[PDB]
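Student: Before I ask anything, let me first share the structure, which is written out below as structure tokens.
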Amino acid sequence: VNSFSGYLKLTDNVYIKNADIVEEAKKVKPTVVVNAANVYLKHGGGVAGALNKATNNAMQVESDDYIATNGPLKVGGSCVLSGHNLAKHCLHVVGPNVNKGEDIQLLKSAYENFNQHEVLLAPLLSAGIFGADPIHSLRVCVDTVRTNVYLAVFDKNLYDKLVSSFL
Ligand SMILES: NC(=O)c1c[nH]c2ncnc(NN3C(=O)CC[C@H]3c3cccs3)c12
């Protein structure tokens with residue numbers, strides 16, 4: 001039994017809510033919040049910009065040090081950094097950005113990173129401003145992640161569409 005409230009059960013291990021992941025993080029303080037990152041950990045907009053803003057830019061400062069030491073991530077890859085005031089840890093996961101011309105088949109690899117953590121609060125990878133089909137992303141999530149995932153989808157119309165079309 002955990003502290004997530006109001007989530008709609010989709011499968012054995014996947015749940016969903018119409019909420020801002022940032023506000024969910026401030027309320028639950030989960031062990032792991034997932035960031036929808038890019039390979040440079042440049043947190044300008046989307047989920048990343050919103051999370052980073054909520055940390056008063058501390059996420060970006062930490063991320064710049066990480067990149068200076070380790071270089072960029074891979075598309076489909078991840079790294080674990082601090083969750084700052086929002087969670088114990090932040091798992092920065094790079095889904096492919098179709099609007100940048102990145103390869104859609106890498107979305108499954110991106111979701112595989114979730115399996116290294118027992119419970120996660122997460123956004124819908126590669127959707128929104130990342131340009132991929134959100135129905136496809138939810139499908140890949142449910143078919144790839146085996147650990148317990150609490151998905152927050154900010155857009156109300158999209159949330160309703162995702163629930164109503166889910167198989
Ligand atoms: N400014 C924002 O994008 C958000 C701020 N809080 C959020 N909490 C949940 N989801 C959000 N965005 N996203 C969707 O609505 C579906 C896809 C997902 C995205 C993932 C990567 C880029 S956008 C946001």
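Quick note on naming: the chains in the structure tokens go A, B, ... in the order shown, residues restart at 1 in each chain, and ligands are numbered from 1 in order of appearance.
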Got a sec to check which residues lie within 7 Å of ligand 1, using only C-alpha atoms and all ligand atoms, and send them as a list in words?
Tutor: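 What falls inside 7 Å of ligand 1 is residues 19, 20, 21, 22, 36, 45, 46, 47, 50, 123, 124, 125, 126, 127, 128, 129, 130, 152, 153, 154 and 155 of chain A.
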Student: Write down as an MDAnalysis selection string the residues of chain A whose backbone DSSP state falls under strand (DSSP E or B).
Tutor: chainID A and resid 8:9 14:18 32:36 78:82 89:93 119:122 148:153
Student: Would you list the contacts of region 106-116 of chain A as an NGL selection string, taking every protein, DNA or RNA residue within 7 Å and counting only C-alpha atoms, but skipping same-chain residues closer than 4 positions in sequence?
Tutor: :A and (76-78 or 93-96 or 140-141 or 144-147)
Student: Please produce an output containing N, CA, C and O atoms for each residue in the selection, written as a PDB file, in the first residue's frame.
Tutor:
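The file below, out.pdb, is the result:
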```
ATOM      1  N   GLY A  76      16.846   6.426 -25.772  1.00  0.00           N
ATOM      2  CA  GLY A  76      16.468   5.165 -25.172  1.00  0.00           C
ATOM      3  C   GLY A  76      17.116   4.896 -23.832  1.00  0.00           C
ATOM      4  O   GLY A  76      16.742   3.915 -23.169  1.00  0.00           O
ATOM      5  N   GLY A  77      18.079   5.728 -23.419  1.00  0.00           N
ATOM      6  CA  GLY A  77      18.804   5.538 -22.184  1.00  0.00           C
ATOM      7  C   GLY A  77      18.271   6.380 -21.037  1.00  0.00           C
ATOM      8  O   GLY A  77      17.258   7.082 -21.147  1.00  0.00           O
ATOM      9  N   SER A  78      18.985   6.303 -19.911  1.00  0.00           N
ATOM     10  CA  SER A  78      18.565   6.984 -18.695  1.00  0.00           C
ATOM     11  C   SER A  78      19.748   7.180 -17.762  1.00  0.00           C
ATOM     12  O   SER A  78      20.799   6.534 -17.890  1.00  0.00           O
ATOM     13  N   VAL A  93      14.823   9.840 -18.375  1.00  0.00           N
ATOM     14  CA  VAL A  93      14.688   8.851 -19.442  1.00  0.00           C
ATOM     15  C   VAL A  93      14.515   9.583 -20.760  1.00  0.00           C
ATOM     16  O   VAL A  93      13.670  10.479 -20.867  1.00  0.00           O
ATOM     17  N   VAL A  94      15.283   9.189 -21.770  1.00  0.00           N
ATOM     18  CA  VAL A  94      15.227   9.806 -23.089  1.00  0.00           C
ATOM     19  C   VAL A  94      14.407   8.924 -24.026  1.00  0.00           C
ATOM     20  O   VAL A  94      14.888   7.903 -24.524  1.00  0.00           O
ATOM     21  N   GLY A  95      13.154   9.302 -24.266  1.00  0.00           N
ATOM     22  CA  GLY A  95      12.400   8.712 -25.339  1.00  0.00           C
ATOM     23  C   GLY A  95      12.752   9.396 -26.645  1.00  0.00           C
ATOM     24  O   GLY A  95      13.194  10.548 -26.660  1.00  0.00           O
ATOM     25  N   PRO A  96      12.551   8.721 -27.770  1.00  0.00           N
ATOM     26  CA  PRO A  96      12.802   9.377 -29.059  1.00  0.00           C
ATOM     27  C   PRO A  96      11.876  10.571 -29.270  1.00  0.00           C
ATOM     28  O   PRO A  96      10.694  10.536 -28.916  1.00  0.00           O
ATOM     29  N   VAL A 140       2.951   0.752 -25.550  1.00  0.00           N
ATOM     30  CA  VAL A 140       4.316   0.293 -25.301  1.00  0.00           C
ATOM     31  C   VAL A 140       4.593   0.236 -23.802  1.00  0.00           C
ATOM     32  O   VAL A 140       5.217  -0.715 -23.305  1.00  0.00           O
ATOM     33  N   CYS A 141       4.134   1.247 -23.057  1.00  0.00           N
ATOM     34  CA  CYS A 141       4.336   1.240 -21.612  1.00  0.00           C
ATOM     35  C   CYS A 141       3.761  -0.026 -20.990  1.00  0.00           C
ATOM     36  O   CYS A 141       4.458  -0.757 -20.275  1.00  0.00           O
ATOM     37  N   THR A 144       5.650  -3.197 -21.832  1.00  0.00           N
ATOM     38  CA  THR A 144       7.080  -3.247 -21.539  1.00  0.00           C
ATOM     39  C   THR A 144       7.391  -3.170 -20.057  1.00  0.00           C
ATOM     40  O   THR A 144       8.271  -3.901 -19.575  1.00  0.00           O
ATOM     41  N   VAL A 145       6.716  -2.295 -19.324  1.00  0.00           N
ATOM     42  CA  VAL A 145       7.026  -2.094 -17.917  1.00  0.00           C
ATOM     43  C   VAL A 145       6.346  -3.179 -17.092  1.00  0.00           C
ATOM     44  O   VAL A 145       5.139  -3.425 -17.233  1.00  0.00           O
ATOM     45  N   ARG A 146       7.126  -3.835 -16.232  1.00  0.00           N
ATOM     46  CA  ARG A 146       6.613  -4.847 -15.319  1.00  0.00           C
ATOM     47  C   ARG A 146       6.498  -4.363 -13.885  1.00  0.00           C
ATOM     48  O   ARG A 146       5.758  -4.970 -13.100  1.00  0.00           O
ATOM     49  N   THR A 147       7.211  -3.297 -13.531  1.00  0.00           N
ATOM     50  CA  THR A 147       7.149  -2.736 -12.196  1.00  0.00           C
ATOM     51  C   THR A 147       5.936  -1.809 -12.109  1.00  0.00           C
ATOM     52  O   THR A 147       5.189  -1.628 -13.081  1.00  0.00           O
TER      53      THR A 147
END
```
Student: Could you list, as a PyMOL selection string, every residue within 8 Å of region 51-60 of chain A, counting only C-alpha atoms and ignoring same-chain residues fewer than 5 positions away?
Tutor: chain A and resi 22+35+41-43+82-86
Student: Can you pull out every residue within 12 Å of region 67-70 of chain A, counting only C-alpha atoms, but drop anything in the same chain fewer than 2 positions away, and send it as a list in words?
Tutor: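 Counting only the stated atoms, we get residues 38, 39, 40, 41, 42, 60, 61, 62, 63, 64, 65, 72, 73, 74, 79 and 81 of chain A.
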Student: Once DSSP has gone over the backbone, tell me which residues of region 2-167 of chain A are in helix (DSSP H, G or I), as a PyMOL selection string.
Tutor: chain A and resi 21-28+46-54+58-70+98-100+104-116+128-130+134-144+156-165
Student: Could you please determine the separation between CA of residue 101 (chain A) and CA of residue 44 (chain A) in Å, to one decimal place?
Tutor: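 So the answer is 18.8 Å.
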Student: With distances taken over only C-alpha atoms, which residue among A:167, A:162, A:98, A:32 lies nearest residue 148 (chain A)?
Tutor: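 Among the listed residues, the smallest separation from residue 148 (chain A) belongs to A:32.
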Student: Here is a test: counting only C-alpha atoms, which residue of A:80, A:121, A:14, A:91 is nearest to residue 26 (chain A)?
Tutor: A:121
Student: Check the smallest atom-to-atom distance from each of A:149, A:120, A:48, A:136 to residue 165 (chain A) using only C-alpha atoms, then report the winner.
Tutor: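 Of all the options, A:136 lies closest to residue 165 (chain A).
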Student: May I ask for the distance between CA of residue 122 (chain A) and CA of residue 34 (chain A), given in Å to one decimal place?
Tutor: 4.7 Å
